[PDB]
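Structure, as structure tokens:
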Amino acid sequence: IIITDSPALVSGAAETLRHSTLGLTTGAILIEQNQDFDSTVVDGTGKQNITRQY
Amino acid sequence: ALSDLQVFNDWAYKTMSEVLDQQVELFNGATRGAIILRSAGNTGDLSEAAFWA
Amino acid sequence: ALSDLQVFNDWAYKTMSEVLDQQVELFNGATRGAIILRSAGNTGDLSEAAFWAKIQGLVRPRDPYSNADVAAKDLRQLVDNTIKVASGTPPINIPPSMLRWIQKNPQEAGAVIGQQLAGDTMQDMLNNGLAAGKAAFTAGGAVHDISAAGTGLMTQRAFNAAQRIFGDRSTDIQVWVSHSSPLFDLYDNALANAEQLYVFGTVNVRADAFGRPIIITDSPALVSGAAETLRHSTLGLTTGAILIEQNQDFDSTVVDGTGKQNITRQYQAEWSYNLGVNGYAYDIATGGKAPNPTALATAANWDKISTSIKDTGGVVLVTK
């Protein structure tokens with residue numbers, strides 16, 4: 215019984231609180247990471263302080 | 002008199018940070034292959050595969 | 002030459018640009034250690050320092066032929082702080098186009114900005130330190146106003162009256178930071194009359210009758226008002242009277258932009274200096290003037306913890 219605190223497995227609250235346990239076969243869920251990461255850091259000018267964002 | 006003194010208190014900044022709160026090791030062997038985690042990059046929004054009915 | 006030949010007036014681009022127009026060389030030796038420019042890293046809005054307090058009556062007359070009970074005494078510790086003043090540079094349009102047009106590199110523009118800032122940065126530090134100086138000295142009560150007295154113009158006598166506050170610390174006084182205007186009025190008076198008759202006129206090229214050199218500067222921190230309300234301020238700083246701990250937190254950015262005829266490039270710089278210890282033991286009241294000062298927060302809200310006014314270093318002289 216794999217255990218994880220996943221929000222996808224809880225809904226409702228108090229009397230409406232329900233829990234979903236899913237039993238999987240081999241290869242039931244496939245996540246193919248597209249290895250396509252795009253990261254950038256942009257700075258800014260014209261403010262009391264330099265503005266850097268991620 | 003300690004009261005007549007100026008008490009300073011150790012100040013510091015931990016170099017680490019909280020990263021998560023949920024066990025997310027649920028891939029491949031972790032799920033006996035139930036949830037597969039591959040690094041397969043594919044083109045377009047859909048990767049369809051037709052099979053005989 | 003002549004019309005037949007062609008004259009080509011030669012030309013050049015000067016590497017050195019105009020830096021400043023105000024005397025800002027008032028640091029360390031230039032001011033006899035009155036104002037100290039130090040480089041250190043300070044964390045937080047300010048930096049506190051706790052020094053043990055002086056014990057009053059620490060030495061007592063002793064009688065070997067007697068043994069009477071002597072009152073006990075306790076130790077105390079005073080704490081002075083050092084506020085952090087932040088200064089920045091507005092966006093500077095530095096498009097590469099203009100540089101390339103006259104065959105120059107944008108780097109050259111960056112170097113010019115840096116060489117102008119070098120002087121403008123020390124100017125702000127000095128002006129703010131001078132403003133904090135008057136504020137701390139007004140708060141401490143070491144003020145002498147001759148403006149109401151007679152013409153209110155500065156005289157050699159004013160120096161003695163101002164230094165009188167520090168009885169034995171009068172000699173410890175290093176220089177007399179003042180404005181150019183009151184200095185001219187001082188000499189004008191002596192040059193007009195009573196030179197080597199009432200006052201020691203032009204005792205030195207620019208010093209007081211006690212030898213302390215007078216370092217004049219066109220600092221706004223030393224002029225307040227106009228016409229009849231115009232008043233001048235002269236600081237009799239002692240050694241270590243002012244301390245400028247320039248924090249090594251200088252930052253800068255080069256943000257270029259598109260969407261225009263030519264690449265729009267800008268330059269913004271930011272830095273901070275722990276300006277504090279405005280006197281042996283003067284503590285700025287950050288709680289009453291916010292954590293980050295804006296050169297106006299001081300408002301003479303500095304606190305004095307020194308047991309004696311002589312301990313604290315620096316006196317303010319106010320003249321018309």
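Chains as they are written, first to last, in PDB author numbering: chain A, 215 to 268; chain B, 2 to 54; chain C, 2 to 321. The C-beta atom is built at its ideal place from N, Cα and C for all residues, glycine as well.
Residue i, DSSP secondary structure in three states
i	result
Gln7/B	coil
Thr320/C	strand
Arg158/C	helix
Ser181/C	helix
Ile114/C	helix
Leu38/B	strand
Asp146/C	strand
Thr203/C	coil
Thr122/C	helix
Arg232/C	strand
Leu131/C	helix
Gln262/C	coil
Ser48/C	coil
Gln247/C	strand
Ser98/C	helix
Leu297/C	coil
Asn190/C	helix
Residue-chain proximity (residue i, chain A), Cβ-Cβ < 7 angstroms
i	result
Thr254/C	yes
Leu38/B	yes
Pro292/C	no
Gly30/B	no
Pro97/C	no
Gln267/C	yes
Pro92/C	yes
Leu27/B	yes
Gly34/B	yes
Residue i - partner residues in DSSP beta bridges
i	result
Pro214/C	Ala208/C
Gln267/A	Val256/A
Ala87/C	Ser273/C
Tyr283/C	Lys305/C
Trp53/C	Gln78/C
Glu109/C	None; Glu109/C has no bridge partner.
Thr32/B	Paired residues: none, contrary to the question.
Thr239/C	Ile174/C
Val224/A	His233/A
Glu196/C	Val200/C
Residue-chain proximity (residue i, chain C), Cβ-Cβ < 7 angstroms
i	result
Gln7/B	yes
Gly260/A	yes
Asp257/A	yes
Cutoff 7 angstroms: residue i Cβ touching any chain B Cβ
i	result
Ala51/C	yes
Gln78/C	yes
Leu231/A	no
residue 299/A	Here chain A has residues from 215 to 268 only, and residue 299/A is not among them.
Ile215/A	no
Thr218/A	yes
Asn263/A	no
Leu244/A	yes
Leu236/A	no
Chain E contact residues for residue i, given Cβ-Cβ distances below 8 angstroms
i	result
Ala2/B	Going by chain labels, chain E is absent from the structure shown, which instead holds the protein chains A, B and C.
Cβ neighbours of residue i in the same chain (closer than 6 angstroms, five flanking residues each side left out)
i	result
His145/C	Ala162, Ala163 and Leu318
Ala193/C	none
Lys55/C	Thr308
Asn263/C	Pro96 and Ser98
Other residues of its chain near residue i: CB distance less than 8 angstroms, five sequence neighbours each side excluded
i	result
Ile215/A	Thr235
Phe251/C	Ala270, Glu271 and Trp272
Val113/C	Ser18
Other residues of its chain near residue i: CB distance less than 7 angstroms, five sequence neighbours each side excluded
i	result
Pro221/C	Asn128
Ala136/C	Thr299, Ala300, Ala301 and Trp303
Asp81/C	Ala50, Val278, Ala282, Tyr283, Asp284 and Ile306
- Which of the residues in the stretch 108-138 of chain C, read from start to end, lie with their CB under 9 angstroms from any CB of chain A? none
- Item | Members of the stretch 270-290 of chain C near chain A, C-beta cut-off 7 angstroms | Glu271
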